[PDB]
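Reviewing the structure listed below.
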Amino acid sequence: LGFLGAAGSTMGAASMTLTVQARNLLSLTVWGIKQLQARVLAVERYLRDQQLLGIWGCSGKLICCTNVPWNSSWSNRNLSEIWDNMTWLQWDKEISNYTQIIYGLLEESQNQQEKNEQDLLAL
Amino acid sequence: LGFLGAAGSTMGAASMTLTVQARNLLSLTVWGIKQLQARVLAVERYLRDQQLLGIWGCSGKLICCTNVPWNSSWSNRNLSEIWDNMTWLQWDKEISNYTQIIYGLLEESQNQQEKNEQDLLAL
Amino acid sequence: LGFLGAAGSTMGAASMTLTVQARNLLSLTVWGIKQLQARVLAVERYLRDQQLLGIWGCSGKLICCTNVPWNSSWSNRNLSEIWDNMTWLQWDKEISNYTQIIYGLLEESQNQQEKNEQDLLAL
Amino acid sequence: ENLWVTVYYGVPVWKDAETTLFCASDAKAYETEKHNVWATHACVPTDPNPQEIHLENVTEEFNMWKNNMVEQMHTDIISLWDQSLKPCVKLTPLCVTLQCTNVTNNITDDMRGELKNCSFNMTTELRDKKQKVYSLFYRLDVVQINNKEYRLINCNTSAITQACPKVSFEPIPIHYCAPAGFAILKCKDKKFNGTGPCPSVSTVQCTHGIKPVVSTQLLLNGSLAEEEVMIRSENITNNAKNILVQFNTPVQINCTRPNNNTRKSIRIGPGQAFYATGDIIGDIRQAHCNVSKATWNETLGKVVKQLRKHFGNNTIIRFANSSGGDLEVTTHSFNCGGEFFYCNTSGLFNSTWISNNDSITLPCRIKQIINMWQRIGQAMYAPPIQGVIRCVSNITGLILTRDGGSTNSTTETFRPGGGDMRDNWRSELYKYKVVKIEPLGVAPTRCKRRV
Amino acid sequence: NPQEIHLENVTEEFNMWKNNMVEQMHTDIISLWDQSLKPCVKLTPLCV
Ligand SMILES: *[C@@H]1O[C@H](CO)[C@@H](O[C@@H]2O[C@H](CO)[C@@H](O[C@@H]3O[C@H](CO[C@H]4O[C@H](CO)[C@@H](O)[C@H](O)[C@@H]4O)[C@@H](O)[C@H](O[C@H]4O[C@H](CO)[C@@H](O)[C@H](O)[C@@H]4O)[C@@H]3O)[C@H](O)[C@H]2NC(C)=O)[C@H](O)[C@H]1NC(C)=O
Ligand SMILES: COc1cnc(-n2cnc(C)n2)c2[nH]cc(C(=O)C(=O)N3CCN(C(=O)c4ccccc4)CC3)c12
Ligand SMILES: *[C@@H]1O[C@H](CO)[C@@H](O[C@@H]2O[C@H](CO)[C@@H](O)[C@H](O)[C@H]2NC(C)=O)[C@H](O)[C@H]1NC(C)=O
Ligand SMILES: *[C@@H]1O[C@H](CO)[C@@H](O[C@@H]2O[C@H](CO)[C@@H](O)[C@H](O)[C@H]2NC(C)=O)[C@H](O)[C@H]1NC(C)=O
Ligand SMILES: *[C@@H]1O[C@H](CO)[C@@H](O[C@@H]2O[C@H](CO)[C@@H](O)[C@H](O)[C@H]2NC(C)=O)[C@H](O)[C@H]1NC(C)=O
Ligand SMILES: *[C@@H]1O[C@H](CO)[C@@H](O[C@@H]2O[C@H](CO)[C@@H](O)[C@H](O)[C@H]2NC(C)=O)[C@H](O)[C@H]1NC(C)=O
Ligand SMILES: *[C@@H]1O[C@H](CO)[C@@H](O[C@@H]2O[C@H](CO)[C@@H](O)[C@H](O)[C@H]2NC(C)=O)[C@H](O)[C@H]1NC(C)=O
Ligand SMILES: *[C@@H]1O[C@H](CO)[C@@H](O[C@@H]2O[C@H](CO)[C@@H](O)[C@H](O)[C@H]2NC(C)=O)[C@H](O)[C@H]1NC(C)=O
Ligand SMILES: *[C@@H]1O[C@H](CO)[C@@H](O[C@@H]2O[C@H](CO)[C@@H](O)[C@H](O)[C@H]2NC(C)=O)[C@H](O)[C@H]1NC(C)=O
Ligand SMILES: *[C@@H]1O[C@H](CO)[C@@H](O[C@@H]2O[C@H](CO)[C@@H](O)[C@H](O)[C@H]2NC(C)=O)[C@H](O)[C@H]1NC(C)=O
Ligand SMILES: *[C@@H]1O[C@H](CO)[C@@H](O[C@@H]2O[C@H](CO)[C@@H](O)[C@H](O)[C@H]2NC(C)=O)[C@H](O)[C@H]1NC(C)=O
Ligand SMILES: *[C@@H]1O[C@H](CO)[C@@H](O)[C@H](O)[C@H]1NC(C)=O
Ligand SMILES: *[C@@H]1O[C@H](CO)[C@@H](O)[C@H](O)[C@H]1NC(C)=O
Ligand SMILES: *[C@@H]1O[C@H](CO)[C@@H](O)[C@H](O)[C@H]1NC(C)=O
Ligand SMILES: *[C@@H]1O[C@H](CO)[C@@H](O)[C@H](O)[C@H]1NC(C)=O
Ligand SMILES: *[C@@H]1O[C@H](CO)[C@@H](O)[C@H](O)[C@H]1NC(C)=O
Ligand SMILES: *[C@@H]1O[C@H](CO)[C@@H](O)[C@H](O)[C@H]1NC(C)=O
Ligand SMILES: *[C@@H]1O[C@H](CO)[C@@H](O)[C@H](O)[C@H]1NC(C)=O
Ligand SMILES: *[C@@H]1O[C@H](CO)[C@@H](O)[C@H](O)[C@H]1NC(C)=O
Ligand SMILES: *[C@@H]1O[C@H](CO)[C@@H](O)[C@H](O)[C@H]1NC(C)=O
Ligand SMILES: *[C@@H]1O[C@H](CO)[C@@H](O)[C@H](O)[C@H]1NC(C)=O
Ligand SMILES: *[C@@H]1O[C@H](CO)[C@@H](O)[C@H](O)[C@H]1NC(C)=O
Ligand SMILES: *[C@@H]1O[C@H](CO)[C@@H](O)[C@H](O)[C@H]1NC(C)=O
């Protein structure tokens with residue numbers, strides 16, 4: 001329990017405690033200058049993944065299931081040795097080569113069911 | 001009509017005019033310093049209830065119906081003496097003892113139909 | 001391809017490339033002062049149309065279809081001379097007289113299917 | 001068999017990342033005020049009860065010598081002193097020649113000039129007329145030029161700026177907090193030497209209270225080791241590297257300025273007052289710090305036991321007094337209630353250790369013109385304190401140094417040493433690492449978005 | 001043209017002597033005079 005408490009837990013056990021971390025990421029002298037750039041730096045960094053999480057369609061969600069397959073060349077592991085065996089940090093270090101590829105597939109596949117649903121709305 | 005115009009109206013009559021208030025909450029000399037902390041203080045205060053309103057699932061809504069009951073020990077009033085009788089300020093003062101309890105139930109109950117819907121998506 | 005690349009394309013051909021523009025709008029000396037107001041001015045200007053795009057119900061979308069008709073007195077053109085013939089800048093210049101009218105109909109018509117759906121949830 | 005990418009938000013993963021930490025000061029102006037050279041008013045209120053989360057299963061790696069939490073606190077205190085010394089008097093008019101005479105002379109002692117009675121010309125009120133004023137100066141701040149004539153030690157190399165007499169110099173604990181989206185990792189190890197894995201980590205919003213007290217040769221009012229004396233050096237085989245000891249039990253050091261001084265005002269210009277020393281009411285005594293002879297003796301045998309873990313179980317370890325340098329590096333200099341002492345710490349480090357109530361009085365002396373440390377052509381004049389100074393504090397460590405010759409020799413000499421207040425901040429912040437939290441993740445889950 | 005909305009059926013309580021709108025305008029004008037008197041002449045040479 002607590003912010004980052006499930007940091008050393010396997011991937012599966014740390015997915016139950018997402019709202020602990022998600023609700024903590026937002027919260028003119030020498031002190032005033034460095035207290036004012038801490039506020040600015042904390043809203044622009046929080047809005048950076050809110051925009052990203054919105055071009056993927058997972059706007060107000062902590063877990064969102066997408067329409068892009070795994071390709072099995074990004075990680076050829078089981079669904080059991082990934083979710084109970086590897087922590088989130090290990091998984092990130094392993095899959096860091098293909099995040100910029102998976103991230104670009106997540107938004108090019110969302111503005112494709114946004115026009116397909118826009119075409120289906122006229123019928 | 002107008003920002004806060006339905007302030008003295010009963011709870012029921014002031015729920016029809018939500019978009020008036022909701023659309024108004026966002027909008028280096030001695031003047032420049034205090035004009036610059038008015039902008040910063042107004043986006044960080046607006047993002048504080050957008051994040052809160054998002055861990056509850058009511059992301060882009062002005063009225064959102066939740067899956068948590070009222071418990072009848074938070075307020076044992078009718079549904080008619082609450083919605084036409086008490087203004088929003090009166091209701092807030094009366095229910096201020098249990099907001100931190102209701103707020104903590106609203107997000108623990110949203111990341112429970114977010115995993116139930118994630119489990120239901122595989123079947 | 002690229003930010004604003006489809007600026008001279010007709011309205012129809014520039015609607016396929018929305019995610020290029022949408023993903024680019026966020027991104028104490030004399031240099032420090034003017035680098036700090038560029039960040040502040042760029043998060044507030046981004047939150048002005050996120051809030052607007054949310055009172056209309058199109059929170060996490062790049063194309064949102066609404067429940068308000070066109071009225072045919074705003075522009076009596078075809079659906080083919082508008083979507084393949086006029087660029088977005090031409091359309092904006094032509095329809096600039098009624099944007100503040102269409103914008104106010106988009107939110108008064110969204111907090112009317114937000115109470116209709118709120119009334120339908122009790123039945 | 002087929003899987004789909006699902007994004008998670010709020011997954012626990014972090015990276016080391018230097019950022020701009022800010023303030024939390026518990027001791028805000030408790031209806032008492034007296035603004036100081038630091039946080040007080042401007043530092044954000046601190047939590048009544050801070051949250052500490054013990055990250056189980058997790059073994060982080062700390063390096064106390066590549067910490068950017070102390071390279072940022074170093075410049076946060078050079079600029080807290082600059083911003084408080086800009087809005088008050090500049091003592092440029094006091095570069096006159098002084099006609100100093102010994103206060104005692106044939107009064108007491110060997111005719112020592114510990115105090116000089118200097119009279120000079122100054123322009124009071126009108127810029128034409130200049131009347132003859134006088135003040136009491138210490139022998140450490142007047143340089144004879146040749147009842148001879150003197151001059152201030154500083155004003156051929158640095159510019160003096162009298163410290164504003166309303167700000168207080170008493171350090172107030174400071175908590176260094178991190179913005180949202182960052183966290184500070186605390187090593188909860190009891191035997192931590194600032195480098196290597198820490199298998200018992202913790203997460204805190206911001207550090208404990210850190211008094212910004214700067215001293216040399218001895219770390220006063222600091223934090224103590226939980227279990228044993230801890231020796232920490234950047235490169236324990238380099239003589240040019242300082243050694244930071246940390247006491248498990250404090251050694252109390254009392255000292256005073258028993259002279260009942262009296263501040264007097266001299267007008268150096270229109271709307272500008274020079275706060276000199278009028279006279280001394282009573283006997284003229286000497287300042288001094290007191291340390292228990294037995295408590296120091298046993299605490300110095302705990303240090304030599306740990307120094308034997310790095311320098312051979314069978315070796316003779318002897319301490320010696322500082323070799324050379326400024327008066328702040330060769331003497332234990334601190335700041336006791338707005339008065340800067342430079343104590344002669346030669347009776348402490350006068351031992352020799354082979355492998356198998358009484359007090360020590362250290363004759364401190366006072367300085368009034370203070371130069372800035374990592375060096376600039378700048379100085380500060382500290383106006384006299386009217387009264388009798390008496391403060392007691394804890395010694396919580398040492399800053400030692402080794403001398404070359406440990407190639408054939410079977411002995412080690414450990415002269416004390418300070419002068420770099422970056423080694424003052426890392427005797428407190430050694431166990432803190434700032435990390436940044438990355439909350440987005442992807443993972444195959446066999447979900448599928450409903451079309 | 002400023003907007004003024006009349007809150008009907010609302011009765012607030014005012015205390016003109018615990019207002020912080022005037023304890024903030026007080027220091028906004030002491031520091032508007034300071035910032036305009038720093039960049040010009042200091043008549044120290046006129047103490048003859
Ligand atoms: C290591 O840490 C210890 C404790 O944290 C410090 O000890 C403090 O030392 C300072 C400086 O001497 C003390 O402050 C001074 O105290 C004098 C006597 O204290 C009386 O008053 C206080 C406050 O009412 C009482 O709590 C106390 O019991 C005594 O009755 C005062 O006479 C001094 O007043 C002068 O300075 C203040 C502030 O500048 C002015 O407002 C006054 O008008 C007057 O000019 C001064 O307040 C402090 O009390 C000590 N605390 C303790 C717990 O002993 C060490 O100084 C510190 N050492 C180092 C090197 O940092
Ligand atoms: C006194 O040193 C300055 C003198 N003068 C100035 N300035 C003059 N004009 C301007 C604009 N600044 C200074 N600014 C920053 C200064 C510092 O932080 C600084 O070096 N120390 C502050 C802390 N410390 C002591 O307490 C001290 C402690 C034990 C023994 C002796 C002295 C060490 C040195 C500074
Ligand atoms: C420092 O020297 C000054 C002289 O400049 C002394 O002041 C004189 O003191 C005597 C005896 O108290 C008086 O009779 C004179 O009238 C004083 N003259 C002035 C101009 O003040 C002062 O007493 C000396 N102070 C110390 C501590 O020795
Ligand atoms: C302060 O200035 C006065 C003069 O205003 C100096 O007194 C003079 O000293 C010279 C020494 O050669 C004599 O010739 C003058 O007759 C003196 N004038 C007097 C006494 O009015 C005095 O020495 C100066 N003191 C300093 C510089 O400390
Ligand atoms: C300012 O004056 C002091 C004192 O006269 C100078 O320091 C002296 O330097 C000489 C040079 O060899 C030494 O012999 C003296 O021992 C020094 N004095 C003391 C008290 O240590 C200093 O160099 C001058 N500043 C300059 C020239 O920039
Ligand atoms: C000097 O050290 C003593 C410890 O010997 C400090 O007194 C302790 O203070 C802590 C909290 O600060 C208490 O939990 C202990 O119970 C105290 N012990 C005793 C024996 O008093 C004292 O505050 C220190 N003084 C300083 C740092 O100025
Ligand atoms: C230091 O000297 C001052 C004198 O300047 C003392 O203050 C005097 O104290 C006595 C009795 O305590 C009073 O009768 C006087 O009226 C005081 N005079 C002034 C000018 O305040 C002070 O008490 C002395 N301090 C110590 C510790 O002896
Ligand atoms: C430093 O001063 C403190 C008091 O400020 C001394 O503590 C006293 O120690 C004696 C032991 O002889 C006790 O009887 C007293 O009760 C103590 N007083 C307090 C207030 O705790 C301490 O002994 C002094 N130490 C040195 C080395 O001078
Ligand atoms: C450290 O102590 C030693 C001896 O205890 C001091 O050595 C003296 O150094 C001076 C040079 O300035 C010589 O003239 C003396 O003959 C030395 N004395 C002895 C007994 O050898 C040294 O001055 C002390 N230094 C400090 C900083 O305390
Ligand atoms: C600090 O104290 C030491 C010893 O208490 C002093 O050392 C003296 O140094 C002189 C010459 O440097 C010798 O003639 C004496 O014999 C030494 N005394 C002892 C007891 O060894 C030292 O001078 C003092 N001051 C400094 C600056 O070191
Ligand atoms: C360090 O300690 C030694 C002994 O503990 C001191 O030796 C002194 O040497 C002189 C030589 O003239 C003798 O007269 C003294 O009697 C010795 N002291 C004792 C206690 O016997 C030495 O002076 C000390 N050095 C310093 C700098 O304190
Ligand atoms: C899967 O990944 C490989 C690796 O680059 C890539 O060549 C391929 O286009 C991707 N898509 C499919 C369907 O395999
Ligand atoms: C993957 O899961 C299957 C399911 O039984 C198991 O037989 C197989 O050994 C697993 N693979 C690994 C590498 O654990
Ligand atoms: C309702 O509120 C009471 C009051 O504390 C609490 O004890 C109880 O757990 C809540 N839930 C239910 C179902 O009553
Ligand atoms: C609550 O509503 C019912 C509905 O008829 C009514 O009978 C009852 O008197 C109401 N209670 C109060 C306290 O008004
Ligand atoms: C501009 O005109 C040329 C010629 O017809 C056409 O090929 C081109 O597509 C037009 N502009 C854009 C952005 O397509
Ligand atoms: C359409 O636009 C006209 C032009 O102002 C307006 O009078 C009318 O109310 C609008 N609505 C309909 C249904 O025509
Ligand atoms: C509008 O579209 C119809 C569809 O065939 C076409 O007949 C008509 O000419 C078009 N009008 C204009 C102005 O292009
Ligand atoms: C830490 O590792 C131990 C090893 O067995 C395990 O029991 C424990 O569950 C791990 N930590 C957590 C939070 O699960
Ligand atoms: C003051 O005392 C020192 C001690 O050596 C002496 O050199 C100096 O000449 C004395 N000055 C006066 C004015 O007596
Ligand atoms: C006490 O000091 C003496 C020398 O002064 C030393 O020989 C002895 O080892 C010390 N005792 C302890 C317990 O450190
Ligand atoms: C003690 O001496 C032994 C010699 O056998 C040495 O190995 C060890 O490092 C020394 N220090 C200890 C044991 O703490
Ligand atoms: C205040 O009371 C009057 C009198 O009944 C009523 O007409 C009015 O609606 C009330 N306030 C509001 C905001 O409606």
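General remarks:
- Filtered residues of the range D:1-41 (kept if buried (at least 20 other Cβ atoms within 10 Å of the Cβ), over 27 Å from the mean Cα position of the chain (by Cα), closer than 26 Å to D:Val70 by Cβ and more than 16 Å from ligand 19 (Cβ to nearest atom)): D:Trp14
- When A:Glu81 is tested against (1) more than 7 Å from chain D (Cβ to nearest Cβ); (2) touching a helix residue (DSSP H, G or I) at 6+ places or on another chain (Cβ under 8 Å); (3) part of a loop (DSSP other than H, G, I, E, B), only condition (2) is not met.
- In the range A:84-123, of all residues being out of contact with any helix residue (DSSP H, G or I) (no Cβ under 9 Å at 6 or more places or on another chain) and among the hydroxyl-bearing types (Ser, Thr, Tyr), the one that is surrounded by the fewest Cβ atoms within 10 Å (Cβ to Cβ) corresponds to A:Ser96.
- The requirement of being away from ligand 1 (no atom under 16 Å from the Cβ), under 23 Å from A:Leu52 (Cβ atoms) and either small (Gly, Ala, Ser) or within 14 Å of chain A (Cβ to nearest Cβ) (or both) is satisfied by C:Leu26.
- Number of positions in the range D:60-90 that are in contact with a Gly (Cβ under 9 Å, 6 or more places away or on another chain) and among the polar types (S, T, N, Q): 2
- Cβ-Cβ distances below 9 Å connect the following pairs, each with a first residue in the range E:10-32 that is more than 30 Å from B:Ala14 (Cβ to Cβ), a second residue that is exposed (fewer than 10 other Cβ atoms within 10 Å of the Cβ), and a separation of six or more residues or different chains: E:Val22/E:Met16.
- Restricting attention to the range D:314-328 and to residues that are among the aliphatic types (A, V, I, L, M) and either more than 30 Å from D:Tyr275 (Cβ to Cβ) or buried (at least 21 other Cβ atoms within 10 Å of the Cβ) (or both), the residue that is farthest from ligand 15 (Cβ to nearest atom) turns out to be D:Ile316.
- For D:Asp76: the one exception among (1) part of a helix (DSSP H, G or I); (2) farther than 30 Å from A:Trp31 by Cβ: (2)
- Selected residue (criterion: nearest to the other protein chains (Cβ to nearest Cβ)) from residues of the range D:330-348 that are surrounded by fewer than 20 Cβ atoms within 10 Å (Cβ to Cβ) and away from ligand 1 (no atom under 16 Å from the Cβ): D:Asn344
Listed here are the residues, each with its yes/no results for (1) over 30 Å from A:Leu47 (Cβ atoms); (2) away from ligand 18 (no atom under 16 Å from the Cβ); (3) small (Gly, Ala, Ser).
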residue	(1), (2), (3)
C:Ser9	no, yes, yes
C:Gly12	yes, no, yes
C:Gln21	no, yes, no
C:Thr29	no, yes, no
C:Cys65	no, yes, no
C:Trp70	yes, no, no
C:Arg77	yes, no, no
C:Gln90	yes, no, no
C:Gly104	no, yes, yes
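- Among the residues of the range D:270-289, some residue qualifies, meaning at least one is out of contact with any strand residue (DSSP E or B) (no Cβ under 9 Å at 6 or more places or on another chain), within 14 Å of another protein chain (Cβ to nearest Cβ) and away from ligand 7 (no atom under 16 Å from the Cβ).
- Check on D:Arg415, more than 14 Å from chain A (Cβ to nearest Cβ), basic (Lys, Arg) and part of a strand (DSSP E or B): yes
- Yes/no for D:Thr330 being over 16 Å from the mean Cα position of the chain (by Cα) and either within 16 Å of ligand 9 (Cβ to nearest atom) or closer than 17 Å to D:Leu220 by Cα (or both): no
- Residue within the range D:195-217 that is away from ligand 6 (no atom under 16 Å from the Cβ), within 14 Å of chain A (Cβ to nearest Cβ) and under 17 Å from D:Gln368 (Cα atoms) present: no
- Out of D:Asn259, D:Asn248, sole residue that is out of contact with any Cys (no Cβ under 6 Å at 6 or more places or on another chain), farther than 17 Å from D:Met69 by Cβ and surrounded by fewer than 20 Cβ atoms within 10 Å (Cβ to Cβ): D:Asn248
- Residue match in the range A:41-58 (condition: on the phi < 0 side of the Ramachandran plot, surrounded by fewer than 18 Cβ atoms within 10 Å (Cβ to Cβ) and more than 15 Å from the chain's Cα centre (by Cα)): yes
- Among the conditions (1) outside any loop (DSSP other than H, G, I, E, B); (2) more than 10 Å from chain A (Cβ to nearest Cβ), D:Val7 misses just one, which is (2).
- Selection count, the range B:29-57, where residues are more than 8 Å from chain A (Cβ to nearest Cβ) and outside any helix (DSSP H, G or I): 3
- Options D:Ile281, D:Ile317, D:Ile268: the member that is more than 22 Å from the chain's Cα centre (by Cα) and outside any strand (DSSP E or B): D:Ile281
- Some residue of the range D:321-337 being closer than 15 Å to D:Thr413 by Cβ and more than 13 Å from ligand 11 (Cβ to nearest atom): yes
Please note: Cβ atoms are built from the backbone with ideal geometry, for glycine as well, and neighbour counts cover all protein chains shown. Every number in this text was worked out from the coordinates using simple rules, so none of it is lab data.
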